[PDB]
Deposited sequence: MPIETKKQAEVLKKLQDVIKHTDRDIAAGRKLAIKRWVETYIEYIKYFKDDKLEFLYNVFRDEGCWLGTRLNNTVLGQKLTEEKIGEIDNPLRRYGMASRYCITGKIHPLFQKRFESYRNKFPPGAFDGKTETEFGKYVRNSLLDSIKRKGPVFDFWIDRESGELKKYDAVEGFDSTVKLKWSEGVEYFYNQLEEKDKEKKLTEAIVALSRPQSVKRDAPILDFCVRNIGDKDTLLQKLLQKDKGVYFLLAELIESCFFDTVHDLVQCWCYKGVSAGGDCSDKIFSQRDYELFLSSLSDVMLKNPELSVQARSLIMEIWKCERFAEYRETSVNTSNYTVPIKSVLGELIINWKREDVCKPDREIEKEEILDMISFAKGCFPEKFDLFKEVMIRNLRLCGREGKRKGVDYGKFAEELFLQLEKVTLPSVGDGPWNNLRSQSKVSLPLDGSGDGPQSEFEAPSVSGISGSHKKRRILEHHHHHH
C-alpha cells in the first residue's frame, strides 16, 4: 500500500481493547482485513474524520467473538451521523458492499444529480437528454469502479434502477467477485434446503492452487456456517488437493480456531490419508511462519502445530519429517521457528518453559527415530539457525549456539 495506509491501520488497531488478549489480538487482525478492503475510502482521513470509525469499532455490538458483525457494521457505516460525529465515508460505496439495499439507490441518486449538475447545458448538442443522462450515469459508475469491480453491482446502467438478484444468482456472483460481505448477504437470502450446498460450492471453488489472501475470510465464513463437516470433507475430496488448499489459505490468515475445528473433525473424529506428506510438512511450516508474524497468537499456533504433527494418523509422516537426508530435514522450518519463538525478547510470555519442553521433545523424537543421523541433524539445524533469517529473531545473535545448548542438555 502506501506509508499513510500503514499509519491509519495502526491508528485503527490501537482502538481495539479487550481483557482477553487472545480476543484482542484476533480483533486487530479483523481490523487489518477491513482496512485492506476499504483503504481506498479512508486513506486520507485525519484524526477528526477517523474518530467516527474509532467509535464504530469500539462498539461491542459490531463484534462476534474475533470477527466483525457485517450486519451491525454495515448499518453503522451507512448512517449519516452517529452521536454528534458526521460519517466521513462515501456512503454509496458502503451501502453497496454491505448490501444495504434500502439505501443504495437513494445515495447513488444524490451523487448522480450533483454530478449531472456540473455539466454545461449546452455541452453536448448532439445528444438528447436521454443520451445525456445515460452518459453521465456511465461516466459516474465507471469512475467509482476504479476502487473495485463490485461498485457497479447494484445500479442498472440502462435504467439507473436498483438491480435485483436471485439468491442463488447473487451468491455465485459474489463468490466470483471475492466479495466477503456480499457472499454472507446472499447466503442469508438462500432457501434453507440450499444453504449447505452453496457454501460447499464456494469452498471447493475457492480452494484452488492460486488462491489469494482475500479468499480466506470467505472460506472462513463458509466453513463456519456448514453443519455437516464430514460431508464437506467428502465433497472436498472430489478435487485433487482440495483439503490442502482450504487449510493452507486459512492458516496464512491466522484462522486458527477454524483450522483446529477442521483438524479435529477430519483427523481426530484404512490406510487412505486425506493429504500427502508434503501437505503435512507445509501445514506445519506455514503455521510456524504465522507464529513468528503474530506473537500474540503463538500459543494457538503451537497447539495447532502439535495437533497436526502428533496426530496418530500421520505417525509415518512425523517420522519422515525428522529424517535427515541430503544435508536437510523437513522439520528444520518448524523446529527452528519454535526455537526463535521461545527465545524472542520483544514480548512478555508466561509459558516459556512449556515452549522449551516442546523443543526438547521434538529434538528427542528426531534423535530416537534416526540415531545414526543425529549428528547430521544437529549440524543441519545449527546451519539453518545461522543462515535463514526470521521475524522475531534477535539481530546479530548466534542462534546456532542456542541449538548447541539444547543438544548438550540432552547429553
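Of the deposited sequence, positions 1-3, 273-279, 422-482 lack any modelled C-alpha atom.
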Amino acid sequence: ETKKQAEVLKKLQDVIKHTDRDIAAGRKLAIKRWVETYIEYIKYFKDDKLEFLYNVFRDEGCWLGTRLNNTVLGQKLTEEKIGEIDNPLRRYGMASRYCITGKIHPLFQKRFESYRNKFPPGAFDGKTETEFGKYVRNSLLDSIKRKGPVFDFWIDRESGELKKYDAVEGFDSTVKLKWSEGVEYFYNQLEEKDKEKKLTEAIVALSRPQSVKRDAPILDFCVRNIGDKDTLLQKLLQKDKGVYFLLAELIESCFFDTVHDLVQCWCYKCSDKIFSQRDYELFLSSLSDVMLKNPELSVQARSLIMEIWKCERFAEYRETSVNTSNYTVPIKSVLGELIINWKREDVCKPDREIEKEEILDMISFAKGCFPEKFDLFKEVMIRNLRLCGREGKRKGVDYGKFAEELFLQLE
From here on, numbers count along this sequence of modelled residues.
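The mean C-alpha temperature factor is higher for 74-82 when 305-313 and 74-82 are set side by side. For the segment pair 384-392 and 19-27, the entry gives 19-27 the higher mean B-factor, averaged over Cα atoms.
The PDB entry assigns its highest CA temperature factor, among 242, 88, 182, 217, to 88.
Note on the listed residues 201, 257, 228, 281: the highest Cα temperature factor in the record is that of 228. Among all modelled residues in this chain, the alpha-carbon of residue 101 has a temperature factor (C-alpha) in the middle third. Sort the modelled residues of the chain by CA B factor and residue 357 lands in the middle third. Among the modelled residues of the chain, residue 346 sits in the lowest third by CA temperature factor in this PDB entry. The entry lists a Cα temperature factor for residue 38 that places it in the middle third of the chain's modelled residues. When all modelled residues of the chain are sorted by CA temperature factor, residue 127 is found within the highest third.
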